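Inspection log for the structure reproduced underneath, given as structure tokens.
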Number of protein chains: 6
Amino acid sequence: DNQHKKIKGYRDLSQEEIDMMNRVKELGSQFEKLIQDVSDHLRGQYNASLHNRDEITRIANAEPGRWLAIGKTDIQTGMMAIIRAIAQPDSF
Amino acid sequence: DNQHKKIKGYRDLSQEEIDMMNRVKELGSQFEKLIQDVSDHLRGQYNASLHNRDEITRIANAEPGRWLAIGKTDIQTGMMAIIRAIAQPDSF
Amino acid sequence: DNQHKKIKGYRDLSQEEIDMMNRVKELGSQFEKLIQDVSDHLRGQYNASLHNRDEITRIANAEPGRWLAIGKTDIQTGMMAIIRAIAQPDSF
Amino acid sequence: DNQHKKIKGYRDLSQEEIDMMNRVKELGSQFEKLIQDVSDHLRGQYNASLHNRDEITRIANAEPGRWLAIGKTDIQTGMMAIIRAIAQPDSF
Amino acid sequence: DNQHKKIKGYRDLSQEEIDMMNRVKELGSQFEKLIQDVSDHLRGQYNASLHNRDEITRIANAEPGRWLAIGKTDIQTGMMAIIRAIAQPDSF
Amino acid sequence: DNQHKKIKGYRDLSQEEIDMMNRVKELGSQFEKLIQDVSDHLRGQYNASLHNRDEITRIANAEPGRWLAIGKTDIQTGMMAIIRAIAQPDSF
């Protein structure tokens, strides 16, 4: 029982606080399925212009899977900070 | 007409690409209304524990409006990078 | 009981995992006292060169309390990501 | 002699300033040994659940070495900004 | 015609605004050629100390191509935010 | 003499390395004058639409001085990481 009460910074939460943290996570699921859709598209448009070197140089220069990775990380860290704003740990 | 074709890095987009960029922005609207809801909550719980100095020190130490600001920025920059992954500008 | 088991992404943790998360937080306390020491120093060197406009322009241009704020945020988000690496939530 | 006086933004430092910058770096050594310990743990728990596909999918989905990498970078950039707050270069 | 007027957040821009966004991108080209020069240098100093294990351990510990990658990303996201400050989309 | 040789992580630099670090800082001066120009523009377009509440709500919603601040920080941290890639400190 109660493993998070062993971690420093635990605060008792309301249901209202817990509902807001699950609403953050629910919306992050919708971003997850969106990034998966963008990843499928990038993988489709890379394979559908095989042997066309000008478009493969165009995709290599645009670096879109890297930017999709930067986008996923910032969505996730943003969710973590909104959750921190709601949970409010008494710890640095 | 066509002001973005004056900006360096313009690429012609498909409707499929434009639909994906508007789907990013639509989901960011849902995060916008969520952060507004969290902001209303923090402003409610600050005012509802006026003159209780221990809880005002507890809110001051937790810094939740600052973390909500860090959360909003990272959601926005994450949306900007996913949109960059789809639009793919031919520019640094 | 068990409020974090109501939040999506909960995973059962070992004591070894809990000890590592508290070791992250303990070290963040040492960074907290360090940033407090740097903040006291900046507030000391601002007041100890009152009316010297060249040094007040030198402090204003260097922007050190802003950089100390950027430093505190990155220490905190770094602690949050190491804790995420240990806790490993089954959620986006 | 004096190679950093060839770099734009050099400022003469006190011993008090130099002691604070070395205290930042000393504490970053303690974070370095912590991240090494977390890295050893993740490499241990990956190998100790070889051929269990459900736990390898659980580790792959949690992405913990990636989050440990995000955590290391933010600890380092946070140390760089606290050091900038102390050193205060006269340069953008 | 006018594909960016299909994307949510479009605002009509002045030539003064468009000149400022192209001035951001022009300066980012100068940073691009700089990072390419730094990348060539790192690749030169890695190959020019092959079989010297102490210097290869020194380069591996310093992690400079990783820091050059962190530097390129932050230059790019900084350009994106200055452009956002000028373009000012009416969207989250 | 030699205050940076008292700081942990000092490495002897070449002139080629010092020239590259000053070339980073020179280009950051050009970004500094650019952000100053963007700041003057935002302050001009705020004052030139005083008492027009729809445009003041449009500027308040777009948050451009905040995005200019996010842009300045990321340009600066990007310069710091490129300089770290060149200087290569033997320290965490």
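By convention here, the chains of the structure tokens are called A, B, ... in the order presented, each chain's residues are numbered starting at 1, and ligands are numbered starting at 1 in the order presented.
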Can I get the residues of chain F within 6 Å of chain E, each with the closest pair of atoms and their distance in Å to one decimal, using only C-alpha atoms, sorted chain first then ascending number, as JSON lines?
{"residue": "F:62", "atom": "CA", "partner": "E:88", "partner_atom": "CA", "distance": 5.3}
{"residue": "F:64", "atom": "CA", "partner": "E:85", "partner_atom": "CA", "distance": 4.2}
{"residue": "F:67", "atom": "CA", "partner": "E:81", "partner_atom": "CA", "distance": 5.3}
{"residue": "F:68", "atom": "CA", "partner": "E:82", "partner_atom": "CA", "distance": 5.1}
{"residue": "F:71", "atom": "CA", "partner": "E:78", "partner_atom": "CA", "distance": 3.9}
{"residue": "F:74", "atom": "CA", "partner": "E:78", "partner_atom": "CA", "distance": 4.6}
{"residue": "F:75", "atom": "CA", "partner": "E:75", "partner_atom": "CA", "distance": 4.8}
{"residue": "F:78", "atom": "CA", "partner": "E:71", "partner_atom": "CA", "distance": 3.9}
{"residue": "F:81", "atom": "CA", "partner": "E:71", "partner_atom": "CA", "distance": 4.7}
{"residue": "F:82", "atom": "CA", "partner": "E:68", "partner_atom": "CA", "distance": 5.1}
{"residue": "F:85", "atom": "CA", "partner": "E:64", "partner_atom": "CA", "distance": 4.2}
{"residue": "F:88", "atom": "CA", "partner": "E:62", "partner_atom": "CA", "distance": 5.3}
Tell me, which residues of chain C carry DSSP helix (DSSP H, G or I), written as an mmCIF file with N, CA and C atoms, in the first residue's frame?
data_model
loop_
_atom_site.group_PDB
_atom_site.id
_atom_site.type_symbol
_atom_site.label_atom_id
_atom_site.label_comp_id
_atom_site.auth_asym_id
_atom_site.auth_seq_id
_atom_site.Cartn_x
_atom_site.Cartn_y
_atom_site.Cartn_z
ATOM 1 N N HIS C 4 -2.720 7.675 -6.046
ATOM 2 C CA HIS C 4 -1.951 7.644 -7.273
ATOM 3 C C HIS C 4 -2.333 6.448 -8.149
ATOM 4 N N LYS C 5 -2.967 5.422 -7.552
ATOM 5 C CA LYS C 5 -3.580 4.328 -8.300
ATOM 6 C C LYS C 5 -4.879 4.731 -8.992
ATOM 7 N N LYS C 6 -5.407 5.933 -8.728
ATOM 8 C CA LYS C 6 -6.508 6.501 -9.504
ATOM 9 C C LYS C 6 -6.023 7.279 -10.740
ATOM 10 N N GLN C 15 11.220 -0.932 -3.836
ATOM 11 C CA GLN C 15 11.929 -0.102 -2.882
ATOM 12 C C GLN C 15 13.200 0.480 -3.511
ATOM 13 N N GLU C 16 13.857 -0.307 -4.380
ATOM 14 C CA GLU C 16 15.055 0.116 -5.103
ATOM 15 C C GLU C 16 14.731 1.302 -6.019
ATOM 16 N N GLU C 17 13.576 1.239 -6.678
ATOM 17 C CA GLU C 17 13.094 2.335 -7.490
ATOM 18 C C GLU C 17 12.743 3.536 -6.610
ATOM 19 N N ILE C 18 12.097 3.299 -5.453
ATOM 20 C CA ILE C 18 11.690 4.387 -4.563
ATOM 21 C C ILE C 18 12.920 5.057 -3.940
ATOM 22 N N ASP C 19 13.951 4.269 -3.586
ATOM 23 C CA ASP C 19 15.212 4.800 -3.071
ATOM 24 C C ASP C 19 15.926 5.672 -4.100
ATOM 25 N N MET C 20 15.869 5.290 -5.385
ATOM 26 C CA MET C 20 16.483 6.088 -6.439
ATOM 27 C C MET C 20 15.736 7.401 -6.671
ATOM 28 N N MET C 21 14.404 7.393 -6.559
ATOM 29 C CA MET C 21 13.637 8.624 -6.713
ATOM 30 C C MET C 21 13.856 9.577 -5.535
ATOM 31 N N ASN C 22 13.983 9.050 -4.323
ATOM 32 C CA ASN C 22 14.321 9.888 -3.181
ATOM 33 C C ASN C 22 15.775 10.371 -3.204
ATOM 34 N N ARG C 23 16.664 9.631 -3.856
ATOM 35 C CA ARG C 23 18.038 10.085 -4.013
ATOM 36 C C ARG C 23 18.136 11.224 -5.031
ATOM 37 N N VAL C 24 17.257 11.222 -6.052
ATOM 38 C CA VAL C 24 17.143 12.343 -6.978
ATOM 39 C C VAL C 24 16.691 13.589 -6.216
ATOM 40 N N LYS C 25 15.675 13.432 -5.362
ATOM 41 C CA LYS C 25 15.067 14.556 -4.648
ATOM 42 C C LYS C 25 15.983 15.116 -3.560
ATOM 43 N N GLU C 26 16.729 14.236 -2.887
ATOM 44 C CA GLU C 26 17.735 14.646 -1.925
ATOM 45 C C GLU C 26 18.807 15.513 -2.593
ATOM 46 N N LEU C 27 19.250 15.137 -3.794
ATOM 47 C CA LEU C 27 20.282 15.917 -4.455
ATOM 48 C C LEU C 27 19.723 17.234 -4.961
ATOM 49 N N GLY C 28 18.439 17.257 -5.307
ATOM 50 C CA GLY C 28 17.778 18.492 -5.696
ATOM 51 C C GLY C 28 17.629 19.477 -4.551
ATOM 52 N N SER C 29 17.536 18.978 -3.317
ATOM 53 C CA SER C 29 17.618 19.814 -2.125
ATOM 54 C C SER C 29 18.971 20.506 -2.011
ATOM 55 N N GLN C 30 20.035 19.848 -2.436
ATOM 56 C CA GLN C 30 21.350 20.445 -2.341
ATOM 57 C C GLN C 30 21.484 21.514 -3.417
ATOM 58 N N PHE C 31 20.881 21.298 -4.599
ATOM 59 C CA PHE C 31 20.801 22.342 -5.611
ATOM 60 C C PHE C 31 19.904 23.493 -5.186
ATOM 61 N N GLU C 32 18.854 23.207 -4.406
ATOM 62 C CA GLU C 32 17.942 24.246 -3.934
ATOM 63 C C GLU C 32 18.676 25.224 -3.017
ATOM 64 N N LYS C 33 19.478 24.696 -2.084
ATOM 65 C CA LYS C 33 20.232 25.502 -1.138
ATOM 66 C C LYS C 33 21.345 26.268 -1.864
ATOM 67 N N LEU C 34 21.886 25.687 -2.946
ATOM 68 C CA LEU C 34 22.870 26.357 -3.796
ATOM 69 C C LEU C 34 22.266 27.558 -4.532
ATOM 70 N N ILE C 35 21.075 27.405 -5.120
ATOM 71 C CA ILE C 35 20.425 28.488 -5.861
ATOM 72 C C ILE C 35 20.012 29.605 -4.890
ATOM 73 N N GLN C 36 19.574 29.236 -3.676
ATOM 74 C CA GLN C 36 19.309 30.199 -2.610
ATOM 75 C C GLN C 36 20.573 30.988 -2.242
ATOM 76 N N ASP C 37 21.730 30.313 -2.208
ATOM 77 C CA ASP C 37 22.996 30.970 -1.924
ATOM 78 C C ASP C 37 23.378 31.908 -3.056
ATOM 79 N N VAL C 38 23.151 31.507 -4.309
ATOM 80 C CA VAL C 38 23.469 32.351 -5.464
ATOM 81 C C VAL C 38 22.536 33.569 -5.485
ATOM 82 N N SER C 39 21.247 33.373 -5.153
ATOM 83 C CA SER C 39 20.246 34.431 -5.071
ATOM 84 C C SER C 39 20.603 35.472 -4.009
ATOM 85 N N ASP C 40 21.092 35.031 -2.846
ATOM 86 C CA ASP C 40 21.553 35.926 -1.786
ATOM 87 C C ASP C 40 22.760 36.759 -2.227
ATOM 88 N N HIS C 41 23.695 36.123 -2.945
ATOM 89 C CA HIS C 41 24.877 36.780 -3.499
ATOM 90 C C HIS C 41 24.495 37.868 -4.505
ATOM 91 N N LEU C 42 23.553 37.579 -5.416
ATOM 92 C CA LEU C 42 23.145 38.528 -6.448
ATOM 93 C C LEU C 42 22.425 39.706 -5.813
ATOM 94 N N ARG C 43 21.683 39.431 -4.744
ATOM 95 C CA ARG C 43 20.980 40.477 -4.055
ATOM 96 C C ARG C 43 21.944 41.312 -3.212
ATOM 97 N N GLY C 44 23.046 40.696 -2.779
ATOM 98 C CA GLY C 44 24.084 41.404 -2.059
ATOM 99 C C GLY C 44 24.890 42.294 -2.980
ATOM 100 N N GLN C 45 25.252 41.799 -4.158
ATOM 101 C CA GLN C 45 26.102 42.569 -5.051
ATOM 102 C C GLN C 45 25.324 43.640 -5.818
ATOM 103 N N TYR C 46 23.993 43.546 -5.863
ATOM 104 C CA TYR C 46 23.158 44.605 -6.421
ATOM 105 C C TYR C 46 23.086 45.778 -5.445
ATOM 106 N N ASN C 47 22.850 45.479 -4.155
ATOM 107 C CA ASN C 47 22.700 46.515 -3.146
ATOM 108 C C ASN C 47 24.046 47.134 -2.800
ATOM 109 N N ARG C 53 26.212 53.718 -11.380
ATOM 110 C CA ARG C 53 25.341 53.403 -12.503
ATOM 111 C C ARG C 53 26.009 52.455 -13.492
ATOM 112 N N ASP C 54 27.344 52.493 -13.593
ATOM 113 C CA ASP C 54 28.053 51.642 -14.536
ATOM 114 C C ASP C 54 27.954 50.175 -14.141
ATOM 115 N N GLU C 55 28.046 49.892 -12.831
ATOM 116 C CA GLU C 55 27.877 48.530 -12.325
ATOM 117 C C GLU C 55 26.407 48.071 -12.320
ATOM 118 N N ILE C 56 25.446 48.974 -12.076
ATOM 119 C CA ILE C 56 24.026 48.645 -12.190
ATOM 120 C C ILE C 56 23.643 48.385 -13.658
ATOM 121 N N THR C 57 24.243 49.095 -14.623
ATOM 122 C CA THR C 57 24.074 48.781 -16.048
ATOM 123 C C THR C 57 24.764 47.455 -16.389
ATOM 124 N N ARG C 58 25.892 47.166 -15.730
ATOM 125 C CA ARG C 58 26.618 45.916 -15.918
ATOM 126 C C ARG C 58 25.803 44.726 -15.386
ATOM 127 N N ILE C 59 25.111 44.897 -14.250
ATOM 128 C CA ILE C 59 24.270 43.834 -13.687
ATOM 129 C C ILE C 59 22.995 43.680 -14.527
ATOM 130 N N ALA C 60 22.413 44.809 -14.981
ATOM 131 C CA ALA C 60 21.202 44.781 -15.799
ATOM 132 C C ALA C 60 21.461 44.085 -17.136
ATOM 133 N N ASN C 61 22.616 44.341 -17.753
ATOM 134 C CA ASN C 61 22.967 43.707 -19.010
ATOM 135 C C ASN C 61 23.285 42.217 -18.851
ATOM 136 N N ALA C 62 23.869 41.821 -17.716
ATOM 137 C CA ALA C 62 24.244 40.427 -17.526
ATOM 138 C C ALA C 62 23.034 39.550 -17.231
ATOM 139 N N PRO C 64 21.468 38.351 -14.312
ATOM 140 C CA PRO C 64 21.797 37.109 -13.618
ATOM 141 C C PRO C 64 20.667 36.411 -12.860
ATOM 142 N N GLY C 65 19.675 37.150 -12.357
ATOM 143 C CA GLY C 65 18.537 36.517 -11.693
ATOM 144 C C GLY C 65 17.612 35.793 -12.671
ATOM 145 N N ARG C 66 17.610 36.263 -13.919
ATOM 146 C CA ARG C 66 16.908 35.595 -15.003
ATOM 147 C C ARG C 66 17.599 34.275 -15.367
ATOM 148 N N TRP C 67 18.923 34.317 -15.481
ATOM 149 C CA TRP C 67 19.674 33.110 -15.759
ATOM 150 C C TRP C 67 19.614 32.128 -14.585
ATOM 151 N N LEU C 68 19.549 32.638 -13.341
ATOM 152 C CA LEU C 68 19.379 31.781 -12.178
ATOM 153 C C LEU C 68 17.999 31.121 -12.212
ATOM 154 N N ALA C 69 16.977 31.850 -12.688
ATOM 155 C CA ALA C 69 15.641 31.287 -12.863
ATOM 156 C C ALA C 69 15.611 30.204 -13.955
ATOM 157 N N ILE C 70 16.309 30.435 -15.096
ATOM 158 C CA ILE C 70 16.457 29.449 -16.177
ATOM 159 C C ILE C 70 17.216 28.224 -15.669
ATOM 160 N N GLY C 71 18.240 28.442 -14.833
ATOM 161 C CA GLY C 71 18.984 27.355 -14.215
ATOM 162 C C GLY C 71 18.163 26.508 -13.247
ATOM 163 N N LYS C 72 17.329 27.146 -12.415
ATOM 164 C CA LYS C 72 16.476 26.421 -11.470
ATOM 165 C C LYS C 72 15.454 25.540 -12.193
ATOM 166 N N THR C 73 14.844 26.071 -13.271
ATOM 167 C CA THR C 73 13.824 25.359 -14.036
ATOM 168 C C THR C 73 14.401 24.104 -14.687
ATOM 169 N N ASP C 74 15.604 24.226 -15.268
ATOM 170 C CA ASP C 74 16.251 23.113 -15.952
ATOM 171 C C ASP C 74 16.753 22.056 -14.967
ATOM 172 N N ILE C 75 17.261 22.446 -13.798
ATOM 173 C CA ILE C 75 17.523 21.464 -12.741
ATOM 174 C C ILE C 75 16.243 20.685 -12.348
ATOM 175 N N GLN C 76 15.121 21.379 -12.181
ATOM 176 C CA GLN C 76 13.872 20.745 -11.795
ATOM 177 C C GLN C 76 13.290 19.812 -12.858
ATOM 178 N N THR C 77 13.288 20.245 -14.126
ATOM 179 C CA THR C 77 12.782 19.407 -15.212
ATOM 180 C C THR C 77 13.699 18.204 -15.443
ATOM 181 N N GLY C 78 15.002 18.364 -15.186
ATOM 182 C CA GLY C 78 15.951 17.269 -15.262
ATOM 183 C C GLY C 78 15.713 16.225 -14.175
ATOM 184 N N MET C 79 15.435 16.671 -12.955
ATOM 185 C CA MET C 79 15.027 15.767 -11.892
ATOM 186 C C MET C 79 13.716 15.027 -12.247
ATOM 187 N N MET C 80 12.751 15.714 -12.879
ATOM 188 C CA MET C 80 11.481 15.115 -13.248
ATOM 189 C C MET C 80 11.631 14.020 -14.293
ATOM 190 N N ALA C 81 12.621 14.164 -15.185
ATOM 191 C CA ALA C 81 12.829 13.206 -16.261
ATOM 192 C C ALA C 81 13.617 11.985 -15.789
ATOM 193 N N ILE C 82 14.596 12.171 -14.897
ATOM 194 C CA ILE C 82 15.281 11.054 -14.247
ATOM 195 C C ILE C 82 14.296 10.227 -13.416
ATOM 196 N N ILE C 83 13.419 10.895 -12.645
ATOM 197 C CA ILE C 83 12.348 10.225 -11.915
ATOM 198 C C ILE C 83 11.395 9.492 -12.881
ATOM 199 N N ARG C 84 11.130 10.063 -14.062
ATOM 200 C CA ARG C 84 10.296 9.375 -15.033
ATOM 201 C C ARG C 84 11.020 8.134 -15.567
ATOM 202 N N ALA C 85 12.356 8.216 -15.712
ATOM 203 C CA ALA C 85 13.146 7.087 -16.176
ATOM 204 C C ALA C 85 13.104 5.913 -15.183
ATOM 205 N N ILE C 86 12.952 6.193 -13.886
ATOM 206 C CA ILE C 86 12.937 5.198 -12.829
ATOM 207 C C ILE C 86 11.511 4.680 -12.611
ATOM 208 N N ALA C 87 10.527 5.595 -12.552
ATOM 209 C CA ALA C 87 9.153 5.225 -12.215
ATOM 210 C C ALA C 87 8.472 4.505 -13.376
#
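Going from CA of residue 12 in chain B to CA of residue 49 in chain A covers 16.2 Å.
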- Task: Report the distance between CA of residue 10 in chain D and CA of residue 7 in chain F in Å, rounded to one decimal place.
- Result: 13.9 Å
